[PDB]
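Shown next: work-v1.cif, given as mmCIF, N, CA, C and O atoms.
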data_protein
loop_
_atom_site.group_PDB
_atom_site.id
_atom_site.type_symbol
_atom_site.label_atom_id
_atom_site.label_comp_id
_atom_site.auth_asym_id
_atom_site.auth_seq_id
_atom_site.Cartn_x
_atom_site.Cartn_y
_atom_site.Cartn_z
ATOM 1 N N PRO Z 1 -9.731 0.468 17.897
ATOM 2 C CA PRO Z 1 -8.598 -0.340 18.354
ATOM 3 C C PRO Z 1 -8.083 -1.276 17.259
ATOM 4 O O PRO Z 1 -8.868 -1.958 16.593
ATOM 5 N N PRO Z 2 -6.757 -1.304 17.054
ATOM 6 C CA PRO Z 2 -6.128 -2.096 15.988
ATOM 7 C C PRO Z 2 -6.351 -3.603 16.153
ATOM 8 O O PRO Z 2 -6.445 -4.114 17.271
ATOM 9 N N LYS Z 3 -6.446 -4.296 15.020
ATOM 10 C CA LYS Z 3 -6.683 -5.739 14.983
ATOM 11 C C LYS Z 3 -5.529 -6.528 15.601
ATOM 12 O O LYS Z 3 -4.368 -6.365 15.215
ATOM 13 N N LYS Z 4 -5.862 -7.381 16.563
ATOM 14 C CA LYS Z 4 -4.893 -8.305 17.142
ATOM 15 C C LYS Z 4 -4.779 -9.536 16.257
ATOM 16 O O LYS Z 4 -5.766 -10.231 16.024
ATOM 17 N N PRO Z 5 -3.583 -9.815 15.731
ATOM 18 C CA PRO Z 5 -3.373 -10.977 14.876
ATOM 19 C C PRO Z 5 -3.400 -12.288 15.658
ATOM 20 O O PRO Z 5 -2.912 -12.364 16.787
ATOM 21 N N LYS Z 6 -3.994 -13.311 15.052
ATOM 22 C CA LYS Z 6 -4.070 -14.629 15.667
ATOM 23 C C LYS Z 6 -2.687 -15.258 15.752
ATOM 24 O O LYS Z 6 -1.948 -15.300 14.764
ATOM 25 N N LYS Z 7 -2.346 -15.738 16.939
ATOM 26 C CA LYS Z 7 -1.021 -16.294 17.198
ATOM 27 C C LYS Z 7 -0.860 -17.660 16.538
ATOM 28 O O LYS Z 7 -1.750 -18.506 16.620
ATOM 29 N N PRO Z 8 0.277 -17.885 15.860
ATOM 30 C CA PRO Z 8 0.568 -19.151 15.207
ATOM 31 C C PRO Z 8 1.307 -20.121 16.128
ATOM 32 O O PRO Z 8 2.068 -19.706 17.007
ATOM 33 N N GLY Z 9 1.080 -21.408 15.928
ATOM 34 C CA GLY Z 9 1.753 -22.408 16.729
ATOM 35 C C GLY Z 9 1.992 -23.686 15.954
ATOM 36 O O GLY Z 9 3.050 -23.851 15.342
ATOM 37 N N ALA Z 10 0.999 -24.574 15.970
ATOM 38 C CA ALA Z 10 1.068 -25.862 15.264
ATOM 39 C C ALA Z 10 1.371 -25.644 13.775
ATOM 40 O O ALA Z 10 2.158 -26.379 13.176
ATOM 41 N N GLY Z 11 0.746 -24.636 13.185
ATOM 42 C CA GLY Z 11 0.946 -24.360 11.775
ATOM 43 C C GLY Z 11 1.636 -23.029 11.539
ATOM 44 O O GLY Z 11 1.175 -22.219 10.731
ATOM 45 N N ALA Z 12 2.739 -22.794 12.243
ATOM 46 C CA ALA Z 12 3.483 -21.555 12.091
ATOM 47 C C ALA Z 12 4.493 -21.682 10.962
ATOM 48 O O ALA Z 12 5.701 -21.778 11.193
ATOM 49 N N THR Z 13 3.984 -21.702 9.743
ATOM 50 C CA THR Z 13 4.825 -21.799 8.565
ATOM 51 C C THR Z 13 5.574 -20.482 8.360
ATOM 52 O O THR Z 13 5.130 -19.457 8.879
ATOM 53 N N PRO Z 14 6.719 -20.463 7.644
ATOM 54 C CA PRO Z 14 7.462 -19.216 7.406
ATOM 55 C C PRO Z 14 6.565 -18.069 6.929
ATOM 56 O O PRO Z 14 6.707 -16.936 7.389
ATOM 57 N N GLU Z 15 5.625 -18.370 6.033
ATOM 58 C CA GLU Z 15 4.713 -17.352 5.514
ATOM 59 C C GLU Z 15 3.797 -16.838 6.628
ATOM 60 O O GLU Z 15 3.692 -15.633 6.831
ATOM 61 N N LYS Z 16 3.164 -17.748 7.365
ATOM 62 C CA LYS Z 16 2.268 -17.360 8.453
ATOM 63 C C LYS Z 16 3.039 -16.639 9.553
ATOM 64 O O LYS Z 16 2.520 -15.738 10.205
ATOM 65 N N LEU Z 17 4.284 -17.040 9.740
ATOM 66 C CA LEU Z 17 5.133 -16.479 10.777
ATOM 67 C C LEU Z 17 5.582 -15.069 10.401
ATOM 68 O O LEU Z 17 5.632 -14.177 11.247
ATOM 69 N N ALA Z 18 5.888 -14.872 9.122
ATOM 70 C CA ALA Z 18 6.268 -13.562 8.609
ATOM 71 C C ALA Z 18 5.062 -12.635 8.572
ATOM 72 O O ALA Z 18 5.161 -11.443 8.875
ATOM 73 N N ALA Z 19 3.918 -13.196 8.201
ATOM 74 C CA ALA Z 19 2.667 -12.460 8.194
ATOM 75 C C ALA Z 19 2.308 -12.055 9.610
ATOM 76 O O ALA Z 19 1.876 -10.928 9.859
ATOM 77 N N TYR Z 20 2.512 -12.982 10.535
ATOM 78 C CA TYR Z 20 2.323 -12.704 11.947
ATOM 79 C C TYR Z 20 3.302 -11.635 12.411
ATOM 80 O O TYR Z 20 2.955 -10.793 13.225
ATOM 81 N N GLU Z 21 4.524 -11.675 11.891
ATOM 82 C CA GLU Z 21 5.540 -10.696 12.259
ATOM 83 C C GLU Z 21 5.064 -9.309 11.854
ATOM 84 O O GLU Z 21 5.066 -8.383 12.665
ATOM 85 N N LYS Z 22 4.614 -9.190 10.613
ATOM 86 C CA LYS Z 22 4.147 -7.918 10.096
ATOM 87 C C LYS Z 22 2.905 -7.445 10.830
ATOM 88 O O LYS Z 22 2.775 -6.264 11.135
ATOM 89 N N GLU Z 23 1.999 -8.366 11.128
ATOM 90 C CA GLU Z 23 0.773 -8.005 11.827
ATOM 91 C C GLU Z 23 1.036 -7.695 13.291
ATOM 92 O O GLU Z 23 0.332 -6.895 13.891
ATOM 93 N N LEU Z 24 2.035 -8.342 13.871
ATOM 94 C CA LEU Z 24 2.391 -8.099 15.260
ATOM 95 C C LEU Z 24 3.104 -6.762 15.378
ATOM 96 O O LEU Z 24 2.893 -6.018 16.328
ATOM 97 N N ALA Z 25 3.927 -6.454 14.386
ATOM 98 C CA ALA Z 25 4.622 -5.184 14.340
ATOM 99 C C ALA Z 25 3.629 -4.069 14.073
ATOM 100 O O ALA Z 25 3.719 -2.986 14.647
ATOM 101 N N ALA Z 26 2.682 -4.352 13.193
ATOM 102 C CA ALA Z 26 1.584 -3.443 12.922
ATOM 103 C C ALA Z 26 0.757 -3.226 14.173
ATOM 104 O O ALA Z 26 0.444 -2.094 14.535
ATOM 105 N N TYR Z 27 0.417 -4.324 14.833
ATOM 106 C CA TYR Z 27 -0.382 -4.272 16.045
ATOM 107 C C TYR Z 27 0.327 -3.466 17.122
ATOM 108 O O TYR Z 27 -0.283 -2.619 17.756
ATOM 109 N N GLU Z 28 1.616 -3.713 17.311
ATOM 110 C CA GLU Z 28 2.380 -2.997 18.325
ATOM 111 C C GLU Z 28 2.515 -1.518 17.964
ATOM 112 O O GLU Z 28 2.341 -0.645 18.823
ATOM 113 N N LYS Z 29 2.807 -1.241 16.692
ATOM 114 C CA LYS Z 29 2.925 0.132 16.215
ATOM 115 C C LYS Z 29 1.623 0.892 16.446
ATOM 116 O O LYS Z 29 1.618 1.963 17.058
ATOM 117 N N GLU Z 30 0.520 0.320 15.976
ATOM 118 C CA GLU Z 30 -0.771 0.982 16.066
ATOM 119 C C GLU Z 30 -1.301 0.978 17.497
ATOM 120 O O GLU Z 30 -2.076 1.851 17.874
ATOM 121 N N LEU Z 31 -0.878 0.004 18.293
ATOM 122 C CA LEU Z 31 -1.289 -0.062 19.693
ATOM 123 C C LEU Z 31 -0.673 1.099 20.464
ATOM 124 O O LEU Z 31 -1.361 1.799 21.211
ATOM 125 N N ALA Z 32 0.625 1.313 20.258
ATOM 126 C CA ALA Z 32 1.325 2.423 20.883
ATOM 127 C C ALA Z 32 0.820 3.755 20.339
ATOM 128 O O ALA Z 32 0.667 4.726 21.084
ATOM 129 N N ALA Z 33 0.561 3.795 19.037
ATOM 130 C CA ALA Z 33 0.031 4.991 18.398
ATOM 131 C C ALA Z 33 -1.393 5.285 18.865
ATOM 132 O O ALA Z 33 -1.828 6.437 18.863
ATOM 133 N N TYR Z 34 -2.117 4.246 19.257
ATOM 134 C CA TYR Z 34 -3.471 4.414 19.769
ATOM 135 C C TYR Z 34 -3.421 4.988 21.179
ATOM 136 O O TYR Z 34 -3.803 6.133 21.411
#
Turn this file's structure into structure tokens for me.
Amino acid sequence: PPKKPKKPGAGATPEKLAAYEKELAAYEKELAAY
């Protein structure tokens, strides 16, 4: 099962948010593919 990325909040910097975006897109892609 694909890695679920940790959700950002208090420290959702553009970098962490973009990284989260990529990991969330990865997670969703691989989740559906799984």
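Here the PyMOL selection byres (((chain Z and resi 8 and name CA) around 12) and name CA) catches exactly these residues: residues 5, 6, 7, 9, 10, 11, 12, 13, 14, 15, 16, 17, 18, 19, 20, 21, 23 and 24 of chain Z.
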Using N, CA, C and O atoms, can you export the residues from the last selection as a PDB file, in the frame of the given file?
ATOM      1  N   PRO Z   5      -3.583  -9.815  15.731  1.00  0.00           N
ATOM      2  CA  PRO Z   5      -3.373 -10.977  14.876  1.00  0.00           C
ATOM      3  C   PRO Z   5      -3.400 -12.288  15.658  1.00  0.00           C
ATOM      4  O   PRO Z   5      -2.912 -12.364  16.787  1.00  0.00           O
ATOM      5  N   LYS Z   6      -3.994 -13.311  15.052  1.00  0.00           N
ATOM      6  CA  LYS Z   6      -4.070 -14.629  15.667  1.00  0.00           C
ATOM      7  C   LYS Z   6      -2.687 -15.258  15.752  1.00  0.00           C
ATOM      8  O   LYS Z   6      -1.948 -15.300  14.764  1.00  0.00           O
ATOM      9  N   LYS Z   7      -2.346 -15.738  16.939  1.00  0.00           N
ATOM     10  CA  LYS Z   7      -1.021 -16.294  17.198  1.00  0.00           C
ATOM     11  C   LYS Z   7      -0.860 -17.660  16.538  1.00  0.00           C
ATOM     12  O   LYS Z   7      -1.750 -18.506  16.620  1.00  0.00           O
ATOM     13  N   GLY Z   9       1.080 -21.408  15.928  1.00  0.00           N
ATOM     14  CA  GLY Z   9       1.753 -22.408  16.729  1.00  0.00           C
ATOM     15  C   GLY Z   9       1.992 -23.686  15.954  1.00  0.00           C
ATOM     16  O   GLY Z   9       3.050 -23.851  15.342  1.00  0.00           O
ATOM     17  N   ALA Z  10       0.999 -24.574  15.970  1.00  0.00           N
ATOM     18  CA  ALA Z  10       1.068 -25.862  15.264  1.00  0.00           C
ATOM     19  C   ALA Z  10       1.371 -25.644  13.775  1.00  0.00           C
ATOM     20  O   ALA Z  10       2.158 -26.379  13.176  1.00  0.00           O
ATOM     21  N   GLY Z  11       0.746 -24.636  13.185  1.00  0.00           N
ATOM     22  CA  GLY Z  11       0.946 -24.360  11.775  1.00  0.00           C
ATOM     23  C   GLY Z  11       1.636 -23.029  11.539  1.00  0.00           C
ATOM     24  O   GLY Z  11       1.175 -22.219  10.731  1.00  0.00           O
ATOM     25  N   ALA Z  12       2.739 -22.794  12.243  1.00  0.00           N
ATOM     26  CA  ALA Z  12       3.483 -21.555  12.091  1.00  0.00           C
ATOM     27  C   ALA Z  12       4.493 -21.682  10.962  1.00  0.00           C
ATOM     28  O   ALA Z  12       5.701 -21.778  11.193  1.00  0.00           O
ATOM     29  N   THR Z  13       3.984 -21.702   9.743  1.00  0.00           N
ATOM     30  CA  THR Z  13       4.825 -21.799   8.565  1.00  0.00           C
ATOM     31  C   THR Z  13       5.574 -20.482   8.360  1.00  0.00           C
ATOM     32  O   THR Z  13       5.130 -19.457   8.879  1.00  0.00           O
ATOM     33  N   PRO Z  14       6.719 -20.463   7.644  1.00  0.00           N
ATOM     34  CA  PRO Z  14       7.462 -19.216   7.406  1.00  0.00           C
ATOM     35  C   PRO Z  14       6.565 -18.069   6.929  1.00  0.00           C
ATOM     36  O   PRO Z  14       6.707 -16.936   7.389  1.00  0.00           O
ATOM     37  N   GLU Z  15       5.625 -18.370   6.033  1.00  0.00           N
ATOM     38  CA  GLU Z  15       4.713 -17.352   5.514  1.00  0.00           C
ATOM     39  C   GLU Z  15       3.797 -16.838   6.628  1.00  0.00           C
ATOM     40  O   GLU Z  15       3.692 -15.633   6.831  1.00  0.00           O
ATOM     41  N   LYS Z  16       3.164 -17.748   7.365  1.00  0.00           N
ATOM     42  CA  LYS Z  16       2.268 -17.360   8.453  1.00  0.00           C
ATOM     43  C   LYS Z  16       3.039 -16.639   9.553  1.00  0.00           C
ATOM     44  O   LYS Z  16       2.520 -15.738  10.205  1.00  0.00           O
ATOM     45  N   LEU Z  17       4.284 -17.040   9.740  1.00  0.00           N
ATOM     46  CA  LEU Z  17       5.133 -16.479  10.777  1.00  0.00           C
ATOM     47  C   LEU Z  17       5.582 -15.069  10.401  1.00  0.00           C
ATOM     48  O   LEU Z  17       5.632 -14.177  11.247  1.00  0.00           O
ATOM     49  N   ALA Z  18       5.888 -14.872   9.122  1.00  0.00           N
ATOM     50  CA  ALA Z  18       6.268 -13.562   8.609  1.00  0.00           C
ATOM     51  C   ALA Z  18       5.062 -12.635   8.572  1.00  0.00           C
ATOM     52  O   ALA Z  18       5.161 -11.443   8.875  1.00  0.00           O
ATOM     53  N   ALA Z  19       3.918 -13.196   8.201  1.00  0.00           N
ATOM     54  CA  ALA Z  19       2.667 -12.460   8.194  1.00  0.00           C
ATOM     55  C   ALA Z  19       2.308 -12.055   9.610  1.00  0.00           C
ATOM     56  O   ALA Z  19       1.876 -10.928   9.859  1.00  0.00           O
ATOM     57  N   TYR Z  20       2.512 -12.982  10.535  1.00  0.00           N
ATOM     58  CA  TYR Z  20       2.323 -12.704  11.947  1.00  0.00           C
ATOM     59  C   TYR Z  20       3.302 -11.635  12.411  1.00  0.00           C
ATOM     60  O   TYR Z  20       2.955 -10.793  13.225  1.00  0.00           O
ATOM     61  N   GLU Z  21       4.524 -11.675  11.891  1.00  0.00           N
ATOM     62  CA  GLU Z  21       5.540 -10.696  12.259  1.00  0.00           C
ATOM     63  C   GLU Z  21       5.064  -9.309  11.854  1.00  0.00           C
ATOM     64  O   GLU Z  21       5.066  -8.383  12.665  1.00  0.00           O
ATOM     65  N   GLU Z  23       1.999  -8.366  11.128  1.00  0.00           N
ATOM     66  CA  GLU Z  23       0.773  -8.005  11.827  1.00  0.00           C
ATOM     67  C   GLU Z  23       1.036  -7.695  13.291  1.00  0.00           C
ATOM     68  O   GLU Z  23       0.332  -6.895  13.891  1.00  0.00           O
ATOM     69  N   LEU Z  24       2.035  -8.342  13.871  1.00  0.00           N
ATOM     70  CA  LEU Z  24       2.391  -8.099  15.260  1.00  0.00           C
ATOM     71  C   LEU Z  24       3.104  -6.762  15.378  1.00  0.00           C
ATOM     72  O   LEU Z  24       2.893  -6.018  16.328  1.00  0.00           O
TER      73      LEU Z  24
END
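Between atom N of residue 2 of chain Z and atom C of residue 30 of chain Z there is a distance of 5.9 Å.
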Long-range neighbours of residue 1 of chain Z as a list in words, 8 Å cut-off, all atoms listed in the file, 2 positions minimum in chain: residues 3, 4, 27, 30, 31 and 34 of chain Z
Edge lengths and centre, in Å to one decimal, as AutoDock Vina command-line options: that's what I need for the box along x, y and z that holds all listed atoms of segment 10-29 of chain Z plus 4 Å on each side.
--center_x 3.5 --center_y -12.2 --center_z 12.2 --size_x 15.8 --size_y 36.3 --size_z 21.3
